[PDB]
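Raw work_7.cif, mmCIF, C-alpha atoms:
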data_structure
#
loop_
_atom_site.group_PDB
_atom_site.id
_atom_site.type_symbol
_atom_site.label_atom_id
_atom_site.label_comp_id
_atom_site.auth_asym_id
_atom_site.auth_seq_id
_atom_site.Cartn_x
_atom_site.Cartn_y
_atom_site.Cartn_z
ATOM 1 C CA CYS C 1971 14.661 27.624 22.867
ATOM 2 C CA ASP C 1972 17.653 26.742 25.044
ATOM 3 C CA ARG C 1973 16.644 29.364 27.614
ATOM 4 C CA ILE C 1974 13.107 28.022 28.076
ATOM 5 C CA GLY C 1975 14.639 24.551 28.330
ATOM 6 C CA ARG C 1976 17.322 25.822 30.687
ATOM 7 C CA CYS C 1977 17.699 22.529 32.598
ATOM 8 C CA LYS C 1978 16.361 18.991 33.129
ATOM 9 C CA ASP C 1979 18.091 17.178 30.250
ATOM 10 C CA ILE C 1980 16.307 18.834 27.330
ATOM 11 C CA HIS C 1981 15.936 16.888 24.071
ATOM 12 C CA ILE C 1982 16.010 18.768 20.753
ATOM 13 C CA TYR C 1983 14.897 16.995 17.571
ATOM 14 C CA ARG C 1984 15.501 18.395 14.081
ATOM 15 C CA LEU C 1985 13.753 17.077 10.964
ATOM 16 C CA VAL C 1986 15.598 17.547 7.659
ATOM 17 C CA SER C 1987 14.527 16.212 4.270
ATOM 18 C CA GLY C 1988 17.022 13.676 2.968
ATOM 19 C CA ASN C 1989 18.746 14.027 -0.399
ATOM 20 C CA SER C 1990 17.929 17.735 -0.627
ATOM 21 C CA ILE C 1991 19.648 21.107 -0.391
ATOM 22 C CA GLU C 1992 18.191 21.457 3.116
ATOM 23 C CA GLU C 1993 20.929 19.191 4.477
ATOM 24 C CA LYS C 1994 23.565 21.264 2.674
ATOM 25 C CA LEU C 1995 22.178 24.499 4.124
ATOM 26 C CA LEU C 1996 22.070 22.918 7.588
ATOM 27 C CA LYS C 1997 25.673 21.696 7.491
ATOM 28 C CA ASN C 1998 26.758 24.965 5.819
ATOM 29 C CA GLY C 1999 24.594 28.004 6.550
ATOM 30 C CA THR C 2000 27.283 30.692 6.634
ATOM 31 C CA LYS C 2001 26.889 31.479 2.918
ATOM 32 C CA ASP C 2002 24.293 34.120 3.810
ATOM 33 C CA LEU C 2003 26.869 35.946 5.950
ATOM 34 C CA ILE C 2004 29.866 35.401 3.653
ATOM 35 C CA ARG C 2005 27.948 37.336 0.970
ATOM 36 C CA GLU C 2006 27.239 40.381 3.180
ATOM 37 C CA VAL C 2007 28.765 42.614 0.459
ATOM 38 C CA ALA C 2008 26.545 45.338 -1.026
ATOM 39 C CA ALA C 2009 23.220 43.764 -1.977
ATOM 40 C CA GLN C 2010 21.303 44.076 -5.271
ATOM 41 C CA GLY C 2011 23.776 42.178 -7.413
ATOM 42 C CA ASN C 2012 26.126 40.322 -5.076
ATOM 43 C CA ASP C 2013 26.924 37.710 -7.745
ATOM 44 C CA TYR C 2014 29.239 35.785 -5.401
ATOM 45 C CA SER C 2015 29.356 32.148 -4.235
ATOM 46 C CA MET C 2016 30.503 30.613 -7.513
ATOM 47 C CA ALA C 2017 31.949 27.372 -6.128
ATOM 48 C CA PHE C 2018 29.171 27.023 -3.528
ATOM 49 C CA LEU C 2019 26.698 26.122 -6.296
ATOM 50 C CA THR C 2020 27.609 22.450 -5.795
ATOM 51 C CA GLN C 2021 25.361 22.404 -2.718
ATOM 52 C CA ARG C 2022 22.286 23.559 -4.646
ATOM 53 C CA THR C 2023 22.781 20.895 -7.322
ATOM 54 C CA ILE C 2024 23.076 18.103 -4.741
ATOM 55 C CA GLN Q 1203 25.656 53.865 55.581
ATOM 56 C CA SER Q 1204 26.978 50.320 55.174
ATOM 57 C CA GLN Q 1205 29.724 48.180 56.685
ATOM 58 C CA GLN Q 1206 30.258 45.950 53.626
ATOM 59 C CA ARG Q 1207 29.688 46.089 49.877
ATOM 60 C CA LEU Q 1208 29.346 43.452 47.156
ATOM 61 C CA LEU Q 1209 29.390 44.060 43.402
ATOM 62 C CA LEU Q 1210 28.461 41.864 40.437
ATOM 63 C CA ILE Q 1211 29.926 42.398 36.962
ATOM 64 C CA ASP Q 1212 29.755 40.276 33.819
ATOM 65 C CA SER Q 1213 33.266 41.152 32.621
ATOM 66 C CA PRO Q 1214 35.436 44.296 32.868
ATOM 67 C CA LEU Q 1215 37.515 45.961 30.180
ATOM 68 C CA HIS Q 1216 41.207 45.160 29.833
ATOM 69 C CA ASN Q 1217 42.404 48.637 28.834
ATOM 70 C CA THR Q 1218 41.053 51.939 30.212
ATOM 71 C CA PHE Q 1219 42.506 51.517 33.698
ATOM 72 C CA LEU Q 1220 40.440 54.523 34.839
ATOM 73 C CA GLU Q 1221 37.322 52.391 35.325
ATOM 74 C CA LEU Q 1222 39.186 49.630 37.171
ATOM 75 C CA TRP Q 1223 40.883 52.135 39.480
ATOM 76 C CA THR Q 1224 37.591 53.912 40.195
ATOM 77 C CA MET Q 1225 35.901 50.606 41.030
ATOM 78 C CA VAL Q 1226 38.783 49.572 43.298
ATOM 79 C CA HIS Q 1227 38.593 52.953 45.036
ATOM 80 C CA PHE Q 1228 34.831 52.739 45.578
ATOM 81 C CA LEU Q 1229 35.201 49.195 46.936
ATOM 82 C CA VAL Q 1230 36.831 50.605 50.087
ATOM 83 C CA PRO Q 1231 37.827 54.272 50.658
ATOM 84 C CA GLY Q 1232 41.438 53.636 51.620
ATOM 85 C CA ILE Q 1233 43.316 54.214 48.357
ATOM 86 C CA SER Q 1234 44.447 57.469 46.753
ATOM 87 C CA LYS Q 1255 53.986 42.407 30.964
ATOM 88 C CA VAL Q 1256 51.537 45.274 31.473
ATOM 89 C CA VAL Q 1257 48.464 43.042 31.730
ATOM 90 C CA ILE Q 1258 50.452 40.578 33.850
ATOM 91 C CA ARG Q 1259 51.375 43.258 36.389
ATOM 92 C CA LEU Q 1260 47.813 44.605 36.350
ATOM 93 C CA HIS Q 1261 46.497 41.143 37.231
ATOM 94 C CA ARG Q 1262 49.188 40.770 39.900
ATOM 95 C CA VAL Q 1263 48.083 44.025 41.539
ATOM 96 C CA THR Q 1264 44.433 42.884 41.527
ATOM 97 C CA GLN Q 1265 45.228 39.529 43.188
ATOM 98 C CA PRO Q 1266 44.184 40.260 46.802
ATOM 99 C CA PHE Q 1267 40.651 41.319 45.766
ATOM 100 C CA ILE Q 1268 39.511 39.244 42.781
ATOM 101 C CA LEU Q 1269 37.461 36.083 42.188
ATOM 102 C CA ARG Q 1270 36.812 35.092 38.567
ATOM 103 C CA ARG Q 1271 36.067 31.846 36.749
ATOM 104 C CA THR Q 1272 35.350 30.663 33.216
ATOM 105 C CA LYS Q 1273 32.639 28.450 31.726
ATOM 106 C CA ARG Q 1274 34.939 25.403 31.823
ATOM 107 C CA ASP Q 1275 33.165 24.422 35.058
ATOM 108 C CA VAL Q 1276 29.979 23.513 33.155
ATOM 109 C CA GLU Q 1277 31.614 20.203 32.201
ATOM 110 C CA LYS Q 1278 29.667 17.519 34.101
ATOM 111 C CA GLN Q 1279 28.107 20.283 36.246
ATOM 112 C CA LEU Q 1280 24.545 19.024 35.655
ATOM 113 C CA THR Q 1281 24.620 20.763 32.238
ATOM 114 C CA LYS Q 1282 23.163 18.027 30.018
ATOM 115 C CA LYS Q 1283 22.135 19.120 26.511
ATOM 116 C CA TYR Q 1284 21.015 16.658 23.829
ATOM 117 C CA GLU Q 1285 20.458 17.200 20.100
ATOM 118 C CA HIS Q 1286 19.411 14.485 17.638
ATOM 119 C CA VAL Q 1287 19.241 15.062 13.880
ATOM 120 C CA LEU Q 1288 16.637 12.725 12.361
ATOM 121 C CA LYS Q 1289 16.887 11.989 8.640
ATOM 122 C CA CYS Q 1290 13.586 11.514 6.795
ATOM 123 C CA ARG Q 1291 13.131 10.687 3.118
ATOM 124 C CA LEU Q 1292 10.734 12.471 0.768
ATOM 125 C CA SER Q 1293 7.303 11.324 -0.373
ATOM 126 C CA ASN Q 1294 6.373 10.573 -3.976
ATOM 127 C CA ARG Q 1295 4.603 13.936 -4.237
ATOM 128 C CA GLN Q 1296 7.657 15.616 -2.713
ATOM 129 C CA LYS Q 1297 9.962 13.829 -5.163
ATOM 130 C CA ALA Q 1298 7.769 14.909 -8.080
ATOM 131 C CA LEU Q 1299 7.659 18.542 -6.950
ATOM 132 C CA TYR Q 1300 11.422 18.572 -6.364
ATOM 133 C CA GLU Q 1301 12.137 17.144 -9.818
ATOM 134 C CA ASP Q 1302 9.746 19.680 -11.352
ATOM 135 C CA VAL Q 1303 11.354 22.635 -9.564
ATOM 136 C CA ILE Q 1304 14.942 21.615 -10.325
ATOM 137 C CA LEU Q 1305 13.887 20.750 -13.899
ATOM 138 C CA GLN Q 1306 12.595 24.155 -14.976
ATOM 139 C CA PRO Q 1307 13.820 27.366 -16.647
ATOM 140 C CA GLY Q 1308 15.303 28.162 -13.243
ATOM 141 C CA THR Q 1309 18.173 25.821 -14.131
ATOM 142 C CA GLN Q 1310 19.858 28.630 -16.063
ATOM 143 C CA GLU Q 1311 19.204 30.936 -13.108
ATOM 144 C CA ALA Q 1312 20.755 28.348 -10.787
ATOM 145 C CA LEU Q 1313 23.770 28.322 -13.137
ATOM 146 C CA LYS Q 1314 24.383 32.033 -12.399
ATOM 147 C CA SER Q 1315 22.757 33.538 -15.489
ATOM 148 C CA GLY Q 1316 21.414 36.753 -13.945
ATOM 149 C CA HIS Q 1317 20.687 38.183 -10.489
ATOM 150 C CA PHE Q 1318 22.528 35.268 -8.926
ATOM 151 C CA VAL Q 1319 21.786 35.997 -5.262
ATOM 152 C CA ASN Q 1320 18.110 36.750 -5.911
ATOM 153 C CA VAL Q 1321 17.397 33.634 -7.976
ATOM 154 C CA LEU Q 1322 19.389 31.470 -5.558
ATOM 155 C CA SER Q 1323 17.387 32.783 -2.597
ATOM 156 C CA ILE Q 1324 14.129 32.271 -4.505
ATOM 157 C CA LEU Q 1325 15.035 28.670 -5.344
ATOM 158 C CA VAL Q 1326 16.104 27.994 -1.751
ATOM 159 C CA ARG Q 1327 12.790 29.372 -0.482
ATOM 160 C CA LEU Q 1328 10.816 27.310 -3.005
ATOM 161 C CA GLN Q 1329 12.631 24.098 -2.065
ATOM 162 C CA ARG Q 1330 12.080 25.010 1.592
ATOM 163 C CA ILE Q 1331 8.298 25.302 1.276
ATOM 164 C CA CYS Q 1332 8.447 22.177 -0.910
ATOM 165 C CA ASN Q 1333 9.036 20.116 2.258
ATOM 166 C CA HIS Q 1334 5.241 19.667 2.222
ATOM 167 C CA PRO Q 1335 3.318 19.572 -1.090
ATOM 168 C CA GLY Q 1336 0.121 20.802 0.576
ATOM 169 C CA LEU Q 1337 1.720 24.240 0.943
ATOM 170 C CA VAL Q 1338 2.672 24.888 -2.683
ATOM 171 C CA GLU Q 1339 0.016 22.496 -4.022
ATOM 172 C CA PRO Q 1340 -3.171 22.892 -1.938
ATOM 173 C CA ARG Q 1341 -5.251 19.742 -2.346
ATOM 174 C CA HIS Q 1342 -8.876 20.803 -2.806
ATOM 175 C CA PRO Q 1343 -12.140 18.842 -3.004
ATOM 176 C CA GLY Q 1344 -13.346 17.661 -6.388
ATOM 177 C CA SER Q 1345 -16.787 19.249 -6.326
ATOM 178 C CA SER Q 1346 -19.226 18.288 -9.073
#
Same coordinates, now as structure tokens:
Amino acid sequence: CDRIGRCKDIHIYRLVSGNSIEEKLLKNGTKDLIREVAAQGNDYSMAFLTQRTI
Amino acid sequence: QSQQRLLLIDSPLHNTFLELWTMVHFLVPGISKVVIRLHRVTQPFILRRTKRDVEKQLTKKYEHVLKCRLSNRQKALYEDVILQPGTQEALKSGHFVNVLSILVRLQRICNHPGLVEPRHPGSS
């Protein structure tokens, strides 16, 4: 997306639903990588549940 | 047969001096604290720069995050999803990663009720 808009003052707009977990995932999206341990029963991210609730 | 030569490289390796020496030799055929001395030796023939030049160098990028509330249908679907047996799954009851990913996907497609709830005509 940045490559195609390589120059000429490109404008990027992002739509995110307010008061939803989408904002939490946007601000913090590294959880997918932090849990790169063996799949099929990771069972990690205990404290990160606060984002799903809010 | 050429009187001059020009080479383009993205970035060379720090260690493995063999490659650097071979490149310097093939530049011109007239040659037979560690990193500091290596850079000092490569002073006469070197021209490198970093991306710090992009500052005010016509590189103008703009990003605007626009917040948008949910519709009544979206609110209803969200309340329904969060208020379901999945609550226990969200509380890490079993297969935590799987149920979390499933709930995230559901809430993601819930950004438009027409996707999960396809409005259809009321035929008679």
Per residue of chain Q within 6 Å of chain C, record the nearest atom pair and its distance in Å to one decimal, counting only C-alpha atoms, with rows in chain order and ascending residue number, as a tab-separated table.
residue	atom	partner	partner_atom	distance
Q:1282	CA	C:1979	CA	5.1
Q:1283	CA	C:1979	CA	5.8
Q:1284	CA	C:1981	CA	5.1
Q:1285	CA	C:1982	CA	4.8
Q:1286	CA	C:1983	CA	5.2
Q:1287	CA	C:1984	CA	5.0
Q:1288	CA	C:1985	CA	5.4
Q:1289	CA	C:1986	CA	5.8
Q:1290	CA	C:1987	CA	5.4
Q:1291	CA	C:1988	CA	4.9
Q:1317	CA	C:2011	CA	5.9
Q:1318	CA	C:2013	CA	5.2
Q:1319	CA	C:2013	CA	6.0
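Between atom CA of residue Q:1340 and atom CA of residue Q:1326 lies a distance of 19.9 Å.
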Practice task
May I ask for the distance between atom CA of residue Q:1217 and atom CA of residue Q:1270, given in Å to one decimal place?
Solution key: 17.6 Å
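Our summary of the geometry notes that atom CA of residue Q:1341 is positioned 13.8 Å from atom CA of residue Q:1299.
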Practice task
Just give me the residues with any atom within 12 Å of (14.1, 29.3, -12.2), file coordinates, counting only C-alpha atoms, written as number ranges by chain.
Solution key: Q: 1302-1318, 1320-1329
Completion exercise
Using all atoms listed in the file, the residue out of Q:1333, Q:1234, Q:1272, Q:1265 with shortest distance to residue Q:1293 is Q:1333
Any chance you could work out the axis-aligned box around stretch 1314-1322 of chain Q, listed atoms only, 3 Å on each side, giving centre and edge lengths in Å to one decimal, as JSON?
{"center_x": 20.9, "center_y": 34.8, "center_z": -10.4, "size_x": 13.0, "size_y": 12.7, "size_z": 16.2}
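With distances taken over all atoms listed in the file, Q:1216 is the one residue among Q:1294, Q:1273, Q:1223, Q:1216 lying closest to residue Q:1256.
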Practice task
Extract, using only C-alpha atoms, all DNA, RNA and protein residues at most 12 Å from residue Q:1263, discarding same-chain residues fewer than 4 positions from it, and format them as a list in words.
Solution key: residues 1222, 1223, 1226, 1256, 1257, 1258, 1259, 1267 and 1268 of chain Q
Handout entry: Residue nearest residue Q:1213 among Q:1271, Q:1227, Q:1261, Q:1334 (counting all atoms listed in the file)
Key =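 Among the listed residues, the smallest separation from residue Q:1213 belongs to Q:1271.
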Exercise for the section: Could you tell me which residues the PyMOL selection byres ((chain Q and resi 1229) around 9) grabs in this file, written as a list in words? Expected result: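 What the PyMOL selection byres ((chain Q and resi 1229) around 9) grabs from the file is residues 1206, 1207, 1208, 1209, 1224, 1225, 1226, 1227, 1228, 1230, 1231 and 1232 of chain Q.
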